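So the structure is just underneath, and the comments pick up after that.
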Amino acid sequence: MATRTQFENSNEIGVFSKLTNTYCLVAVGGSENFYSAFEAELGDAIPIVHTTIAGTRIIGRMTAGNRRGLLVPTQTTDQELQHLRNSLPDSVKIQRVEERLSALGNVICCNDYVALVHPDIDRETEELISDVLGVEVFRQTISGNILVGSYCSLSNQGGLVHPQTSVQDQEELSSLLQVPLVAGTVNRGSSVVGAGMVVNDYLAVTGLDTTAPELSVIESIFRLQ
Amino acid sequence: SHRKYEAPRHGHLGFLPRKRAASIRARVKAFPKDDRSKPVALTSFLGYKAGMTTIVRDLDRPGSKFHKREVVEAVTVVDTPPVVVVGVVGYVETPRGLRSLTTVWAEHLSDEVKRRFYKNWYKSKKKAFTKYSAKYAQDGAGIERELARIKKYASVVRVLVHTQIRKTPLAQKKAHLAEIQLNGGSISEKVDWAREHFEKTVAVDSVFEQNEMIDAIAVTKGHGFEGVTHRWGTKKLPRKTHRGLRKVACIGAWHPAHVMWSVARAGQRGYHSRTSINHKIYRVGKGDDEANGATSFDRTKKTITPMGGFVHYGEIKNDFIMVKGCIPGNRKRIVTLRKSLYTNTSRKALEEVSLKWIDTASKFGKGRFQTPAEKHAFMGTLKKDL
Amino acid sequence: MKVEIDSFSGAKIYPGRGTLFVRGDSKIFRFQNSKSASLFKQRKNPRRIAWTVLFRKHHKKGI
Amino acid sequence: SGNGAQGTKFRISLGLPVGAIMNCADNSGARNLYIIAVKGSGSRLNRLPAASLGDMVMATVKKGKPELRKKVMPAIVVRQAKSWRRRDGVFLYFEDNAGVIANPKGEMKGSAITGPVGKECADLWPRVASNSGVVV
RNA sequence: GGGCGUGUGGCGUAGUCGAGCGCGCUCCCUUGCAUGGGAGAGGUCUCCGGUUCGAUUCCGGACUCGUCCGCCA
RNA sequence: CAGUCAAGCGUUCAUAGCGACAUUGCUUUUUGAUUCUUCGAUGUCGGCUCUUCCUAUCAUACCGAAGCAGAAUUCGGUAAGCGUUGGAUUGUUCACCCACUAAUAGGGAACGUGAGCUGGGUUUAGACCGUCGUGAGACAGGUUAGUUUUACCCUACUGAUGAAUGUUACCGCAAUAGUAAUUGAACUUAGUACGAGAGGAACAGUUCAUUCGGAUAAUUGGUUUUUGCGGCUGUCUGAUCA
RNA sequence: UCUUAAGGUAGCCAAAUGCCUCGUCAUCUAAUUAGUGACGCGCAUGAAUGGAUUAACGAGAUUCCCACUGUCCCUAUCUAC
RNA sequence: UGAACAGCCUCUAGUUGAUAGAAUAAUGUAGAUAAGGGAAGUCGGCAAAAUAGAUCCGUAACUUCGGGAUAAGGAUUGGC
Ligand SMILES: [Mg+2]
Ligand SMILES: [Mg+2]
Ligand SMILES: [Mg+2]
Ligand SMILES: [Mg+2]
């Protein structure tokens, strides 16, 4: 399933949510339908944490997540950090990042094995990503889009990239990430695919205005069947 | 002809006339409505405005974007020594309104309350209530006939109380005396409570408690004669205006051939008695206690007084009320704090408030330190310290 | 609460005190007062202003 | 703001009246935006409609590309440079006035934002938070 | 703003309730200082309703254009 | 500006909404008509500022009707409590566009308001052009430059004292007068009711905001004769210190 | 061809000269009865009543742009008299 | 000091005259400063602000060839 969901009318689910294999994060100011989608589809096996990052309802663009670790900005308060430490399982590691770009979901596009980052990140932050997430890192842009997290949706099975992407960039990124990539649109043609939707190994959640060919492209590239 | 562009009226017509108040202590024009089921308690209290500070607290509003997050708010401090009960009075109700019929005083009156009955205290024989205390020290003869008179009549019982001005850093020495309504029990229970509490002190926590919405009645800060531009907020006339520009241009039409009362004009600004409602109590502090300024999260033993004292006031060695926001009147002014005239739910009047940190830095400048121990620890040793 | 440090002088910043300034290169500065804020806007070096923590650390005064 | 608001906004001190020129932060080829209107502003005699951070305005491109000039379009203020207070009581400000171009529904005409944006704007507009590099 | 009149082919123009000519150019024929001749195409008669049997034509409304008269001390 | 009658329009159907031919009124925010008052002078356009009043109600409150399924809209009632904006051009009133908004309603008060302002226009004397005239000169034709005086009196209004009520002091009562709050968005209800679909509400609840008002100065910003501290120029006190 | 002494030539223009008129087209602006460039059956332009052009100059009149600012949003504070 | 019988301070000389005292309300007259915006004000940028000396670099259209021109636009300045 690519599950049709709105955040109070918003068809961008990746902005307000962060979904990994092991956990899920949702914003505190959410509707009953928005919570019920993650509660029904994810089930009781996977914890869902209602969280606020840096005083903001936006959490997907603020944080970058992995099954092994979670990265939070510097502006995240101690109460939010302690609540995430209690609510999250003991396996994941939560570490604050002290870096100027500070919006880790926009900066970092990552999965379990390999990650794409903004080219201009600091070397200490790159080593921190490689340490906490245990993930090999490449500094690359998707056809000149420096915000790889906003302009790519990535999982273990496959990836969706920006629609206006050069084909040469598509095989280059596909060989670099060792996963097949498809250029496509989400939410009735919105270009920002990573902000448009969240995905993991068995679930994808998207906006209600995402059309049926777009949803078919999602389930084909992410192998959710 | 008609006014070319509509605009709202400058100023509020219900606060007229903008004259000086009759006294420096504002009158309580209305008390909370009585019901004869609760125990006998006062409806108000007297204190002295000391100054303002900031706190940090965790906001609890289920639905706000700042839910479960720290906010910093401005509070004002009212120094409240325990008030002294001297006297009760009863009011019968006539077709021309309420009317007092008797007043029964306490026996021993202190000097600070009997200074209220004098304009030249230093040259006096101090003969005040001397024949009244001579009416006392019999068995009961001239006393409980007036008390049973208040029981037999007098549908409203009010208590004469006076502050303890000598416990404050003020240099006044002459206490303030006021009437406070009792709002519990029958008439006999009210006057029995008053008779038992003659010459006795009543503390502020007996009448107020935390997270209570109260009203502040006080006379505002005076400003003297003021022009119309700041007194009423009218628009300044343009720069090339002959004969001045802090004025109102048209003060009325040809007809009616008089200046109307509703036209904004120059005069006295400030020193008006005001009643400001719905102020939440954050802390009822005890003066017989160190760590007044400490919370459960801060936990450093510091009193509520800032570094260098409150500016123009001094120390807070007595009990105090920390109340949210701004109240009318300036520092060192008598202020009457009153219970609310109605029950407010509002999901804001019912919020339980627990403070996290109280500011005790100096208000006489950009204070960097909360305690002298913290200042000494940060700056190390100096030349004056050996 | 959190007590922040002055970006110019190293003084301790209590909540609701001073100002914050986000520069165009996305760097955050925090000023405890208008004095240190104005010295920052006047582009003075805090290594040469005699009452700052960075000056006293450089000059070994009380260290 | 008005239609495309995702939630409400606390009152920010107004810093950009009508006639203000702010930098154009996105990559749409426009250099500055000239504010002619503020969405949701009230009516008072002689009072200029002023904008704050996170507000949606009507603006014209005074300097930039000729297919963007000489027409009115909606814009969103992302940097204010007039100091305002938050409910945690910090007074903060950027060093320039800056906004991005959008449609009336709020999605950006451009694709990337240079420089910081305010969290009071990023929370209120998700597309701005999507294309934003750093949110403070 | 109001009044009065006006609206035809690509262009100009004739119309009593029963759309013609000229100009542009389609073709053919026919000629230095480049003509002429013969068959062509070309309209929702500004539009919408009613009358009639049928309105360019009569009437009503709308659009459009062109004229004339209009604010203050 | 409002009625009465109703031939017709409205698929059908006079009156949901309109309404010809006729006819009865109201108003003095149009322009006329008249010449009553003022020529030993009532300062004459427009704008700015400010108060109050009227309702023939643009919005907001509660309702009735529909050619009211919902959404949007139209007609009407009680209603003047409350609001009715920012600009480009023009001296303008008016107009016309841009834009926001719940809405950008109409008017009066000596065509409100010049000892309140301004002086762009008009409306002196300088000057230019066009037309007219032989000429001096003329032109609600165009253009440019052109002194805006006085309040200290009475009343009114805003504030401030105060004799006399045996004296003085404290605490009060309340006749009368005034009065104040206003409007919107988002989430949810709910893609629900309704509908064939396109579309698409409302009540209760929550969080904010606009306009207004009354205070206040903990914080932030402004202000500096704290001439408080430091720096700097020129000169003077022989230099130094000051 | 009539009439007249002869019929406005070269130039110029909604110009300080154009009633209609806020003329029409373009440009300038988000929007322009303003400005500029064109057009000309010009109420009523025009040749020492001087026509057209023109560098430099102007306490002359007008429009736009940059800088600048309490002119303004929206007012606040200080000094002397 | 400085280009300078500019402005500012001083020497010789000459005055110390202009009803005064006490407070520091409004509105004035004169002098000033203002966050963010930058003519949205107004008939109209009225008024105010901004620029400013000197050295070096650089300087357009047009022109009656003389100018425009300090065009515009940049950099520097103390003490030892
Ligand atoms: Mg008027
Ligand atoms: Mg009106
Ligand atoms: Mg202070
Ligand atoms: Mg105005």
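Chain naming here is simple, since letters A, B, ... match the order of the sequence lines and numbering starts at 1 in each. Hydrogens, waters and symmetry mates play no part in the numbers below; they use all other heavy atoms, side chains included.
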With a 4.5 Å heavy-atom cut-off (strictly below), which parts of [range] touch chain C? List them by number.
range	value
residues 70-90 of chain D	D:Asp88, D:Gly89
residues 34-43 of chain D	none
residues 110-131 of chain D	D:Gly115, D:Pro116
residues 47-64 of chain D	none

Revision key, fill the gap. All heavy atoms of C:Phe21 vs all of D:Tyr93, minimum pair found to be CD1-CE1, 3.5 Å

Heavy-atom count check: over 12 atoms from other residues, nucleotides or ligands less than 6.0 Å from [X] [atom1]?
X	atom1	value
C:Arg47	CZ	yes
C:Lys41	NZ	yes
D:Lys109	NZ	no

Exercise for review: Measure distances from C:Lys2 to the heavy atoms of chain D and classify the residue's part below 4.5 Å as side chain, backbone, both or neither.
Suggested key: neither

Practice item. Please confirm whether the backbone N or O of C:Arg23 pairs with a side-chain atom of D:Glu95, one donor and one acceptor, at under 3.5 Å? Key: no

